[PDB]
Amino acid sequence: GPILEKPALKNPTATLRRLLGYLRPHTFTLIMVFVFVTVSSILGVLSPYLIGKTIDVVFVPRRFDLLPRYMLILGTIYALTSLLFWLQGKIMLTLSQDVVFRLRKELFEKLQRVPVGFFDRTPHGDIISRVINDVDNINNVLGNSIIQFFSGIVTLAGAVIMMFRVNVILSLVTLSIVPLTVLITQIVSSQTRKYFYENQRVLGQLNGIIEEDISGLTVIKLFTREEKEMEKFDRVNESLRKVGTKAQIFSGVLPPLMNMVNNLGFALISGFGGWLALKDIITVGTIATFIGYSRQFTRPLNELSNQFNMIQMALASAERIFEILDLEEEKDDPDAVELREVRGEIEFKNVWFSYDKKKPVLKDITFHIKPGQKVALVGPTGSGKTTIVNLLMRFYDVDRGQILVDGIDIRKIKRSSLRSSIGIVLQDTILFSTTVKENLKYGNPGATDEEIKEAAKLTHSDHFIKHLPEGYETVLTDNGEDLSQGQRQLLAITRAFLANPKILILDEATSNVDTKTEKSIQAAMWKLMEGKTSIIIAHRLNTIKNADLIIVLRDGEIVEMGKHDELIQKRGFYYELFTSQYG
């Protein structure tokens, strides 16, 4: 409703030109629409003039033989005005719609290329909300606000030019309501704004109390807080009762006021008009005509202001969208290389990394994983063992030091070839809203409907898969919401298999998994990990006991390194981290 503050557009004309180049290919079509509004708006100010003339040429001198010629001219004038309202709307509908249809390709494609960090930093819900709203804002202004503003201008100027060339005294009389309108509109809109926001403040508070007390209802009951929460609600609710009244009042009185100003316009035109008529200065039709313009200086003025602010707002929205489309995208090196068929040796050389560049996350990390080796990464929450996964996939780049697969530095390998050779199963697995088969095939487009079965057979997933309602073509609605979590991780394991990577990065949760699937998934991991180098964020005793190398982490620093029995024999931090668990 009421705007908070005017948009701080960083040189709008620059982003205006940019926006004015999107609809550039349909210039002729946009000119054709612009003459329509002109002739549809001008024709619409002619109508009340003709009625006055008709009154003056047919009705007053009792010349009703001229009536059919006048009614035909009006009738066709009407026909044309409504036929151009269809046109200049039907055309702008698709034109505007195509414009944003593009903007959606561009923004979405920008999303595929934009660095992960942008997604990692801002809460997903907000980026979709702001972007979409910014986009509608364009759409509504390009498809509506621009023509309604312009049409209003030609209409306003039209009705004014004709008024003065008919009678000047009467013109100054009716146009005396304009100062009244503006004064009223401004005073009222100032209070509407003040109480809209004071209301929105309390309403947002009251709704917060409602959303947190319903979601945490159980905690309120266990703590017998019903009375206290009732009190906290009441004081805010009683505060909303009083403010809403004020907000709803001031947002409500402008229409009666505008309608009053209309009635005053109607009166003055009828008094002064009729008085001038007695003095033979104007005619009766002239009064009829000025009646016809008597509401053209209240709401249509307000429309002009509001449409202008909407246009102004749309430029800010265009500016944000253009900044997103200007963000830098991930690109390979000019000399980036495809991955030669190697068994995947991994090395970190004195690497340092941080997300905010202020709070160090990884320090001096150095190790060497040779082909076929099962490596366990252990440590408390903050060890940074979850960050290693990102760097090796190059979702983020290292600050200091160098990471390298098969000797070759990771920043000089094609991002395309890297992410194939290296596979990944995360603790927070992500399935899509397609069938089971389409999810498993995701890792390999050219996978047959026999290899999907065969591989699923090998990882103990195929069992429950066919036991599902629609079997293999079961549309996993809401990202596998109706699946056993173990079954989801089993599907995740199965689809990671089909991508045939030569390096595997695992993180398999244990939280709410039933023991039955649990045996199956760790069997599936084994078939997954065989023939592959496997860096595991281990959670299971049978993987740390069977690891070829364990890298104990703490504060983003490698404290220890060695095999299980050795690291227990050392009785260091790994001892505490282990014996205080499986002791």
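Numbers follow the displayed sequence, beginning with 1.
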Of 433-441 vs 291-299, the stretch with the larger average CA B-factor in the entry is 433-441
Comparing 162-170 with 327-335, the higher average Cα temperature factor in the PDB entry belongs to 327-335
Max C-alpha B-factor within the set 319, 238, 231, 454 falls on 454
Per the deposited B-factor column, the C-alpha that peaks among 351, 254, 222, 107 belongs to 351
Residue 68: CA B-factor among chain residues, third -> middle
Chain-relative C-alpha B factor for residue 484 (record values, thirds): the highest
Residue 276: C-alpha B-factor third of its chain, per the entry, is the middle
Of the three thirds of the chain ranked by Cα temperature factor, residue 541 occupies the highest
In terms of its chain's C-alpha B-factors, the third that includes residue 115 is the middle
